[PDB]
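In this analysis, Cβ positions are derived from the backbone assuming ideal geometry, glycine residues included, and neighbour counts consider all displayed protein chains. Taken together, the values in this text are just the output of simple stated rules run on the coordinates, not laboratory data.
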2 protein chains.
Amino acid sequence: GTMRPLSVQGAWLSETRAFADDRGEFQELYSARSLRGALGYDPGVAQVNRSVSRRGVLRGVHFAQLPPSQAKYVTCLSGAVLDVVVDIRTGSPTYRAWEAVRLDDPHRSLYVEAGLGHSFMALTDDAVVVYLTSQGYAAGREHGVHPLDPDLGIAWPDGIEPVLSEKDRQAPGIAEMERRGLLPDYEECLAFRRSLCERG
Amino acid sequence: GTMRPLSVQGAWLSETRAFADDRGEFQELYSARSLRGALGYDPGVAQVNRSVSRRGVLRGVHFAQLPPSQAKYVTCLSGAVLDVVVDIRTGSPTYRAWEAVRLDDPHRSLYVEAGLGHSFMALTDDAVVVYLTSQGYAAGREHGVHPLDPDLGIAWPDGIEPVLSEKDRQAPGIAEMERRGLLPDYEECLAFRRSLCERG
Ligand SMILES: [Ca+2]
Ligand SMILES: [Ca+2]
């Protein structure tokens, strides 16, 4: 199994191996040892969440306030979603950049470190996503940026009408969140990553 | 969400809540905070494994050598399995007892602490089980007892022919493992549980 960086620093793609035989398959979907080798730290699992989404449901762009924010390891267990990581970190060389990854097989997982924005859209009806998070979900620490903001310009799938929740529909754009001081700061994100590597 | 003990000390049933709306559902499938409240410790997640099994495939009865053995939080994400926890602990008041739980919905999960034996049979073709484990899988520390041993007398489902791997077919019975000193000791299991509660 491999874990390699994506184009936004802090996002990683994990490709995991299937051992198959006549009885079915075994897969190591998540390995703390593999993550510590790639990242320098074990993110820990405080919560595992599962979300079932109707086709075209767009969940995002969400992030937890830093610190400690939430790091996420995301896998689509059935069906397919288009996952988009967004660099919401002010002062980042790639601030406002995004990258889309198709998660359409259980052997591909996305790791998003603390301080990045995460989103996905369900490409199939009732797509199931599981995600491990380093910190428990807390509504009070949870923030959102509108996923269709033209200031981000995410290329959501052609031909699928997005379905947003009330909360995601009324979410501010990135430029509003920026000037209100509600986005993470890139140097604070880097220092947090270094702190995790030093724990002990 | 609730987490309550089963009939074998060390096995627990977790029932988790679904928040459903027109867009799908959100579920908190695993909560370290909930586990620490029930158990006195956070087991930690070293690995998440996923197994797909043909109908009638019987995986088990498996256990990792104590210590540190492996604690397992098991959920059937799709289809149905019959999970059987076995009290393999010599000196236990319930040594050789077992309990079957039908895992046929993603909102029910079984927690098996370090030192118990775990098994399941797939009731549907291609049933998918995910499980979180406190320690990484290591073949050298992994042991097995034959799941059809009449000395355990597990009531596997009526009308389904069991399909075992070569390794599970050639697995010894519980009485052989006992006299060869390959089963966990109940007082060692209890002392290990107390050690986890004292860590810090
Ligand atoms: Ca697929
Ligand atoms: Ca069901």
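Take the conditions under 26 Å from A:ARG4 (Cα atoms), within 11 Å of another protein chain (Cβ to nearest Cβ) and of a type in the set (A, V, I, L, M, F, W, C) and apply them to A:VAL57. Does it pass? Before the answer, list the steps.
Working: under 26 Å from A:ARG4 (Cα atoms): no; within 11 Å of another protein chain (Cβ to nearest Cβ): yes; of a type in the set (A, V, I, L, M, F, W, C): yes.
Answer is no for this residue.
Out of all the residues in segment B:118-136, which are in a loop (DSSP other than H, G, I, E, B), more than 14 Å from ligand 2 (Cβ to nearest atom) and crowded, with 17+ Cβ neighbours inside 10 Å?
Result: B:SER134, B:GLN135.
Identify, from the list B:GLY115, B:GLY200, the residue that is part of a loop (DSSP other than H, G, I, E, B), closer than 25 Å to B:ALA32 by Cα and within 17 Å of the chain's Cα centre (by Cα). Walk me through how you get there before you give the answer.
Values: B:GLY200 fails: within 17 Å of the chain's Cα centre (by Cα).
On inspection, the qualifying residue turns out to be B:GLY115.
Taking only pairs six or more apart or across chains, which ones have beta-carbon atoms under 6 Å, a first residue in segment A:93-113 that is farther than 20 Å from A:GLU187 by Cα, and a second residue that is assigned to a loop (DSSP other than H, G, I, E, B)?
Hits for this filter: A:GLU99/A:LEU6; A:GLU99/A:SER7; A:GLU99/A:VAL8; A:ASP104/A:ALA80; A:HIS107/A:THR16.
If you scan segment B:37-48, which residues turn out to be at the interface with chain A (Cβ under 7 Å from one of its Cβ atoms) and within 22 Å of B:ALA191 (Cα to Cα)? Steps first, answer last, please.
Step one: of segment B:37-48, the residues at the interface with chain A (Cβ under 7 Å from one of its Cβ atoms) are B:45-48.
Once the filter is applied, which keeps residues that are at the interface with chain A (Cβ under 7 Å from one of its Cβ atoms) and within 22 Å of B:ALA191 (Cα to Cα), segment B:37-48 yields B:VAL45, B:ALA46.
Scan segment B:172-181 for residues that are of a type in the set (A, V, I, L, M) and in contact (Cβ under 8 Å) with a residue 60 or more places away in the chain and jot them down. If you could, list the steps in order and put the result at the bottom.
Filtering segment B:172-181 down to residues of a type in the set (A, V, I, L, M) leaves B:174-175, B:177.
Within segment B:172-181, B:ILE174, B:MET177 qualify.
The conditions are (1) within 10 Å of chain A (Cβ to nearest Cβ); (2) surrounded by fewer than 19 Cβ atoms within 10 Å (Cβ to Cβ), and B:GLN27 fails exactly one of them. Which is it?
(2)
In segment B:49-100, what count of residues is obtained for those that are in contact with a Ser or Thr (Cβ under 7 Å, 6 or more places away or on another chain), within 16 Å of ligand 2 (Cβ to nearest atom) and among the β-branched types (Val, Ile, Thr)?
Final tally of qualifying residues: 2.
If a residue has to be of a type in the set (S, T, N, Q) and away from ligand 1 (no atom under 16 Å from the Cβ) to count, how many in segment A:54-89 make the cut? Spell out the reasoning first.
We begin by selecting, within segment A:54-89, every residue of a type in the set (S, T, N, Q); these are A:65, A:69-70, A:75, A:78.
Within this subset, residues satisfying the condition of being away from ligand 1 (no atom under 16 Å from the Cβ) are A:65, A:69-70.
Residues that pass the stated criteria total 3.
Look through segment A:98-126, keep the residues that are under 18 Å from A:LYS167 (Cβ atoms), out of contact with any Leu (no Cβ under 6 Å at 6 or more places or on another chain) and of a type in the set (A, V, I, L, M, F, W, C), and return whichever of them is nearest to ligand 1 (Cβ to nearest atom).
Going residue by residue through segment A:98-126, those that are under 18 Å from A:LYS167 (Cβ atoms) are A:117-122.
When the remaining residues are screened for being out of contact with any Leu (no Cβ under 6 Å at 6 or more places or on another chain), the result is A:117-120, A:122.
Those still in the list that are of a type in the set (A, V, I, L, M, F, W, C) too: A:120, A:122.
Details: A:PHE120: 15, A:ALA122: 13 Å.
It comes out as A:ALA122.
Has segment A:67-76 got any residue that is at the interface with chain B (Cβ under 8 Å from one of its Cβ atoms) and among the aliphatic types (A, V, I, L, M)?
Pass one, segment A:67-76, residues at the interface with chain B (Cβ under 8 Å from one of its Cβ atoms): none.
Looking through segment A:67-76, none of the residues is at the interface with chain B (Cβ under 8 Å from one of its Cβ atoms) and among the aliphatic types (A, V, I, L, M).
Given the criteria more than 16 Å from ligand 1 (Cβ to nearest atom), closer than 21 Å to A:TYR30 by Cα and of a type outside the set (S, T, N, Q), does B:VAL129 qualify?
Values: more than 16 Å from ligand 1 (Cβ to nearest atom): yes; closer than 21 Å to A:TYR30 by Cα: yes; of a type outside the set (S, T, N, Q): yes.
So B:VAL129 passes the test.
Scanning for something within 27 Å of B:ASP42 (Cβ to Cβ), surrounded by 23 or more Cβ atoms within 10 Å (Cβ to Cβ) and within 14 Å of chain B (Cβ to nearest Cβ), does segment A:84-106 turn up at least one residue?
As a first pass, look at segment A:84-106 and keep what is within 27 Å of B:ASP42 (Cβ to Cβ): A:106.
Going one step further and asking which of them are surrounded by 23 or more Cβ atoms within 10 Å (Cβ to Cβ), we end up with none.
The answer is no, given that none of the residues of segment A:84-106 is within 27 Å of B:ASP42 (Cβ to Cβ), surrounded by 23 or more Cβ atoms within 10 Å (Cβ to Cβ) and within 14 Å of chain B (Cβ to nearest Cβ).
Test A:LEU196 against the stated conditions and say whether it is closer than 28 Å to B:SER31 by Cα and either in contact with an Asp or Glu (Cβ under 9 Å, 6 or more places away or on another chain) or of a type in the set (A, V, I, L, M, F, W, C) (or both).
Details: closer than 28 Å to B:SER31 by Cα: yes; either in contact with an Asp or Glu (Cβ under 9 Å, 6 or more places away or on another chain) or of a type in the set (A, V, I, L, M, F, W, C) (or both): yes.
Here the answer is yes, as A:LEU196 does meet what is asked.
Going through B:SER51, B:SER34, B:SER14 one at a time, which residue ends up being part of a strand (DSSP E or B), on the phi < 0 side of the Ramachandran plot and more than 7 Å from every other protein chain (Cβ to nearest Cβ)? So that I can check it myself, show each step before the final result.
Values: B:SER51 fails: more than 7 Å from every other protein chain (Cβ to nearest Cβ); B:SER34 fails: part of a strand (DSSP E or B).
After applying the criteria, what remains is B:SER14.
Yes or no, residue by residue, for (1) among the hydroxyl-bearing types (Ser, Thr, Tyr); (2) touching a residue at least 60 places away in the same chain (Cβ under 8 Å); (3) surrounded by fewer than 16 Cβ atoms within 10 Å (Cβ to Cβ):
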| site | (1), (2), (3) |
| --- | --- |
| B:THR2 | yes, no, yes |
| B:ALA11 | no, yes, no |
| B:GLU15 | no, yes, yes |
| B:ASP21 | no, no, yes |
| B:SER31 | yes, no, no |
| B:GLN47 | no, yes, no |
| B:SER53 | yes, yes, no |
| B:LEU82 | no, yes, no |
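Go through the residues of segment B:142-165 one by one and say whether even a single one is away from chain A (no Cβ under 14 Å), touching a residue at least 24 places away in the same chain (Cβ under 8 Å) and among the hydroxyl-bearing types (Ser, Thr, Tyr).
No, that holds for no residue.
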